[PDB]
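*Asks:* A single structure is presented below for examination.
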Amino acid sequence: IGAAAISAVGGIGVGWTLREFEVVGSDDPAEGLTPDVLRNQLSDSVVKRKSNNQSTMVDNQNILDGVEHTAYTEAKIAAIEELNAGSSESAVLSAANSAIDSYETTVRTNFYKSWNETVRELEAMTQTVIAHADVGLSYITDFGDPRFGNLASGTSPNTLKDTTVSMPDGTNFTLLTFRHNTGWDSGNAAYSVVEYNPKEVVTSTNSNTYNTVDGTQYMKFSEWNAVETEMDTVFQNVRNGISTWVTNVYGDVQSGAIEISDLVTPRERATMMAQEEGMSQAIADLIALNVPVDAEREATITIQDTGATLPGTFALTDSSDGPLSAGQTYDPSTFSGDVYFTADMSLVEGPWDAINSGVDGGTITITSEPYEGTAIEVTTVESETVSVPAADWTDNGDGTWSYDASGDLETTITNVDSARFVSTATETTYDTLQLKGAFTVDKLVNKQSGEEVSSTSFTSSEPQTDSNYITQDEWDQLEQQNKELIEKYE
């Protein structure tokens with residue numbers, strides 16, 4: 001339940017399941033700061049971190065079956081090479097599991113790296129509050145009972161404990177276990193201590209396994225552990241599945257029957273699209289994870305509550321979420337899987353009806369919060385227009401925002417005729433959103449004929465199982481179906 005400010009979770013965020021992913025760093029506030037400003041900057045950092053974690057690790061749960069697909073592709077190729085060489089069953093499984101080892105290490109390391117950064121940032125934010133001393137710890141570290149009365153001066157209530165994780169490739173990774181203690185002795189009614197990480201909750205006494213900063217709940221164990229337990233399931237299924245696969249394939253599949261030595265895997269295809277521009281990375285990644293996508297059509301969508309309209313291509317994690325027909329309204333909260341929408345964000349536009357009629361001494365007033373990355377284009381009754389980007393709207397704290405257009409308008413005492421919001425993007429900027437709120441499909445444009453079609457048709461390659469990809473045709477179709485999907489977005 002994110003914002004763009006379209007009901008959807010924006011800036012996805014899925015390459016961490018296919019490549020080494022670099023974490024987003026912390027923002028350090030200035031020494032000479034006001035408590036009101038420090039509190040706003042800390043709240044903004046928490047919102048940004050939560051939004052980043054949602055769009056990457058936390059909210060892409062239904063694409064983890066694609067990780068299983070990627071892991072099967074990679075392990076089976078490694079096994080086929082060994083089978084063709086007339087190797088022992090142990091050597092065949094060794095090559096397949098070494099492929100899973102390296103793939104799991106990358107996915108797990110990326111996931112734990114982003115937790116470590118979240119948890120390191122909180123400690124950096126805590127240290128700032130301790131140093132500024134005009135802001136209380138209860139503002140930045142609230143885990144249920146934020147009473148820091150018995151905590152020593154210059155001491156953090158947090159402890160980042162080093163926890164060794166045994167990576168499948170034989171290496172060790174340092175996962176940071178977050179411990180928080182308000183400072184009271186065991187025996188006091190106020191005693192509050194929490195200790196957890198994405199893997200487990202060590203202790204929770206008069207505590208929440210999530211932090212609350214300016215009404216925002218983040219570092220949720222339930223959210224982080226959900227991805228952790230799903231990751232465990234996926235790599236257990238691949239290893240058990242590849243064992244069953246090799247046991248049933250060893251000896252009967254002739255050495256030389258399948259030749260995949262020069263195969264370009266959907267994973268390899270998407271990683272080459274990262275170093276060479278040509279399409280947005282997330283839809284290339286969603287294709288590599290074998291998520292059903294609609295490449296042939298172009299949907300003009302309109303968000304019910306917002307009023308924003310957008311042209312773009314769909315993606316469903318579950319194709320059984322039925323066809324998305326034009327003229328119909330859909331609520332993604334009812335759906336079995338997730339809806340992804342890839343659109344050119346420079347084309348975001350909609351009507352802004354939450355505006356006061358009067359333009360008094362050049363001042364324009366709006367009755368709703370302006371959306372980030374958009375400008376409200378206000379047209380007066382004298383047929384003059386002023387473009388006001390969200391950052392220029394001054395908050396009155398009355399539930400109203402105002403802007404002084406005395407320097408922009410010729411007639412400063414007038415009335416608003418109409419107002420609309422449009423994107424502030426200078427160029428075509430592609431983005432992949434996970435639609436969370438109700439949307440209506442206005443029209444479906446079939447490329448490159450421009451025809452108006454009634455419904456959508458999603459496509460994906462054959463899902464990998466513990467018994468398939470035995471024939472060369474299954475493998476030939478995998479490379480062919482994938483390379484023509486990438487071509488359709490180029």
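By convention in this document, the chains of the structure tokens carry letters A, B, ... by their order, each chain's residues are numbered from 1, and ligands are numbered from 1 in the order they are shown.
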Any idea what's packed within 6 Å of stretch 15-31 of chain A, counting only C-alpha atoms, ignoring anything in its chain fewer than 2 positions away? Could you give it as a PDB file with N, CA and C atoms, in the first residue's frame?

*Replies:*
```pdb
ATOM      1  N   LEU A  33      21.086  22.221  12.993  1.00  0.00           N
ATOM      2  CA  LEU A  33      19.717  21.933  12.584  1.00  0.00           C
ATOM      3  C   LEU A  33      18.728  22.274  13.704  1.00  0.00           C
ATOM      4  N   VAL A 107      21.166 -14.245  -3.946  1.00  0.00           N
ATOM      5  CA  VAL A 107      19.811 -13.850  -3.553  1.00  0.00           C
ATOM      6  C   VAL A 107      19.771 -13.570  -2.051  1.00  0.00           C
ATOM      7  N   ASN A 110      21.985 -10.444  -1.052  1.00  0.00           N
ATOM      8  CA  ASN A 110      21.290  -9.204  -1.420  1.00  0.00           C
ATOM      9  C   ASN A 110      20.196  -8.854  -0.422  1.00  0.00           C
ATOM     10  N   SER A 114      20.335  -5.629   2.451  1.00  0.00           N
ATOM     11  CA  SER A 114      19.353  -4.548   2.552  1.00  0.00           C
ATOM     12  C   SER A 114      18.785  -4.430   3.980  1.00  0.00           C
ATOM     13  N   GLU A 121      21.277   2.218   9.330  1.00  0.00           N
ATOM     14  CA  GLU A 121      20.715   3.554   9.162  1.00  0.00           C
ATOM     15  C   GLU A 121      20.014   3.973  10.436  1.00  0.00           C
TER      16      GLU A 121
END
```

*Asks:* Just want the 8 Å neighbourhood of residue A:302, counted on only C-alpha atoms, with same-chain residues fewer than 3 positions away dropped. Output as a PyMOL selection string.

*Replies:* chain A and resi 307-310+439-442

*Asks:* I need the residues from that last selection saved to file as a CSV table (one decimal), in the first residue's frame (with N, CA and C atoms), if you can.

*Replies:*
```
chain,number,residue,atom,x,y,z
A,307,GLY,N,-7.6,9.9,-10.0
A,307,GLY,CA,-8.1,10.5,-11.3
A,307,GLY,C,-7.1,10.5,-12.4
A,308,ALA,N,-5.8,10.0,-12.0
A,308,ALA,CA,-4.7,9.9,-12.9
A,308,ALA,C,-4.8,8.9,-14.0
A,309,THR,N,-4.5,9.2,-15.2
A,309,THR,CA,-4.5,8.3,-16.3
A,309,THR,C,-3.1,8.0,-16.8
A,310,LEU,N,-2.8,6.8,-17.3
A,310,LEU,CA,-1.5,6.3,-17.8
A,310,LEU,C,-1.5,5.3,-18.8
A,439,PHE,N,-8.4,0.3,-10.3
A,439,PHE,CA,-8.1,0.9,-11.6
A,439,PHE,C,-9.2,0.5,-12.6
A,440,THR,N,-9.4,1.3,-13.6
A,440,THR,CA,-10.3,1.0,-14.7
A,440,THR,C,-9.5,1.0,-16.0
A,441,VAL,N,-9.6,0.0,-16.8
A,441,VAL,CA,-8.9,-0.2,-18.1
A,441,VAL,C,-9.8,0.6,-19.2
A,442,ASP,N,-9.3,1.8,-19.6
A,442,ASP,CA,-10.0,2.6,-20.6
A,442,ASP,C,-10.0,2.0,-21.9
```

*Asks:* Tell me, as number ranges by chain, which residues lie within 10 Å of stretch 315-322 of chain A, counting only C-alpha atoms; anything in the same chain fewer than 3 positions away does not count.

*Replies:* A: 60-66, 283, 286-287, 289-295, 325, 332, 334-342, 432, 434, 455-460

*Asks:* Excluding stretch 196-201 of chain A and any residue of its chain fewer than 4 positions from it, enumerate the residues within 9 Å of it, using only C-alpha atoms, and give them as a PyMOL selection string.

*Replies:* chain A and resi 112+115+175-179+209+219-229

*Asks:* Would you list the contacts of residue A:156 as a compact mmCIF listing (two decimals) with C-alpha atoms, in the first residue's frame, taking every protein, DNA or RNA residue within 8 Å and counting only C-alpha atoms, but skipping same-chain residues closer than 2 positions in sequence?

*Replies:*
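Listing of selection_10.txt after writing:
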```
# COMPACT_ATOMS: atom_id res chain seq x y z
CA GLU A 123 21.66 3.33 14.46
CA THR A 126 19.77 7.23 16.68
CA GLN A 127 23.38 8.57 17.04
CA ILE A 130 21.72 11.55 20.75
CA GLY A 154 25.65 9.35 24.98
CA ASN A 158 20.39 -0.17 20.16
CA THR A 159 23.01 -2.93 19.70
```

*Asks:* Quick one, how far is atom CA of residue A:481 from atom CA of residue A:462?

*Replies:* 9.6 Å

*Asks:* Please determine, counting only C-alpha atoms, which residue among A:331, A:68, A:344, A:490 has the shortest atom-to-atom distance to residue A:231.

*Replies:*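 Residue with the minimum atom-to-atom distance to residue A:231: A:68.
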
*Asks:* If we count only C-alpha atoms, what is near stretch 443-454 of chain A at a cut-off of 8 Å, once residues fewer than 6 positions away on the same chain are taken out, given as a PyMOL selection string?

*Replies:* chain A and resi 296-301+325-327

*Asks:* Compile a residue-level contact table for stretch 320-370 of chain A against stretch 403-410 of chain A at a cut-off of 9 Å, reporting for every qualifying residue the shortest atom pair and its distance in Å to one decimal, with only C-alpha atoms counted, rows ordered by chain and ascending number, as a Markdown table.

*Replies:*
```
| residue | atom | partner | partner_atom | distance |
| --- | --- | --- | --- | --- |
| A:359 | CA | A:405 | CA | 8.9 |
| A:361 | CA | A:406 | CA | 7.0 |
| A:362 | CA | A:406 | CA | 4.5 |
| A:363 | CA | A:404 | CA | 4.4 |
| A:364 | CA | A:403 | CA | 5.4 |
| A:365 | CA | A:403 | CA | 6.7 |
| A:366 | CA | A:403 | CA | 8.9 |
```

*Asks:* Take the selection from the previous step and output its residues with N, CA, C and O atoms, as a PDB file, in the first residue's frame.

*Replies:*
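So again24.pdb came out as:
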```
ATOM      1  N   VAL A 359      -8.777  33.498  -6.604  1.00  0.00           N
ATOM      2  CA  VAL A 359      -7.354  33.806  -6.713  1.00  0.00           C
ATOM      3  C   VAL A 359      -7.255  35.214  -6.112  1.00  0.00           C
ATOM      4  O   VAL A 359      -7.545  36.210  -6.779  1.00  0.00           O
ATOM      5  N   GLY A 361      -5.253  38.190  -4.486  1.00  0.00           N
ATOM      6  CA  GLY A 361      -3.939  38.829  -4.547  1.00  0.00           C
ATOM      7  C   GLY A 361      -2.838  37.929  -5.078  1.00  0.00           C
ATOM      8  O   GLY A 361      -1.733  37.918  -4.533  1.00  0.00           O
ATOM      9  N   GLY A 362      -3.171  37.141  -6.108  1.00  0.00           N
ATOM     10  CA  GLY A 362      -2.277  36.182  -6.740  1.00  0.00           C
ATOM     11  C   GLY A 362      -2.143  34.846  -6.039  1.00  0.00           C
ATOM     12  O   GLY A 362      -1.442  33.969  -6.543  1.00  0.00           O
ATOM     13  N   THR A 363      -2.802  34.651  -4.890  1.00  0.00           N
ATOM     14  CA  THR A 363      -2.652  33.394  -4.150  1.00  0.00           C
ATOM     15  C   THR A 363      -3.714  32.369  -4.583  1.00  0.00           C
ATOM     16  O   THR A 363      -4.907  32.665  -4.584  1.00  0.00           O
ATOM     17  N   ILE A 364      -3.246  31.169  -4.964  1.00  0.00           N
ATOM     18  CA  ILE A 364      -4.055  30.010  -5.372  1.00  0.00           C
ATOM     19  C   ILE A 364      -4.044  29.012  -4.207  1.00  0.00           C
ATOM     20  O   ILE A 364      -2.970  28.695  -3.696  1.00  0.00           O
ATOM     21  N   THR A 365      -5.220  28.518  -3.786  1.00  0.00           N
ATOM     22  CA  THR A 365      -5.299  27.563  -2.682  1.00  0.00           C
ATOM     23  C   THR A 365      -5.933  26.249  -3.157  1.00  0.00           C
ATOM     24  O   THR A 365      -6.936  26.265  -3.875  1.00  0.00           O
ATOM     25  N   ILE A 366      -5.327  25.112  -2.744  1.00  0.00           N
ATOM     26  CA  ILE A 366      -5.787  23.752  -3.047  1.00  0.00           C
ATOM     27  C   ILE A 366      -6.198  23.069  -1.726  1.00  0.00           C
ATOM     28  O   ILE A 366      -5.650  23.400  -0.675  1.00  0.00           O
TER      29      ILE A 366
END
```

*Asks:* Let's see if you can do this: from backbone DSSP, list all helix (DSSP H, G or I) residues in stretch 303-454 of chain A, as an NGL selection string.

*Replies:* :A and (319-321 or 345-347 or 390-392)

*Asks:* Keeping only C-alpha atoms, write those residues as a PDB file, in the first residue's frame.

*Replies:*
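File written: again.pdb
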```pdb
ATOM      1  CA  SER A 319      -2.524 -15.470 -15.120  1.00  0.00           C
ATOM      2  CA  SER A 320      -5.691 -17.002 -13.488  1.00  0.00           C
ATOM      3  CA  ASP A 321      -6.450 -13.396 -12.281  1.00  0.00           C
ATOM      4  CA  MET A 345       5.827   8.231 -15.976  1.00  0.00           C
ATOM      5  CA  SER A 346       6.336  11.452 -18.026  1.00  0.00           C
ATOM      6  CA  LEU A 347       2.762  10.876 -19.390  1.00  0.00           C
ATOM      7  CA  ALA A 390       4.332  20.155  -5.664  1.00  0.00           C
ATOM      8  CA  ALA A 391       7.520  21.483  -3.875  1.00  0.00           C
ATOM      9  CA  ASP A 392       6.418  25.147  -4.430  1.00  0.00           C
TER      10      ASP A 392
END
```

*Asks:* Please list as a list in words every residue within 10 Å of residue A:254, counting only C-alpha atoms and excluding residues in the same chain fewer than 5 positions away.

*Replies:*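 With the cut-off at 10 Å, the set is residues 83, 84, 86 and 249 of chain A.
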
*Asks:* Using only C-alpha atoms, which of the listed residues (A:214, A:395, A:369, A:484) sits closest to residue A:42?

*Replies:*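 Using only C-alpha atoms, residue A:42 sits closest to A:214.
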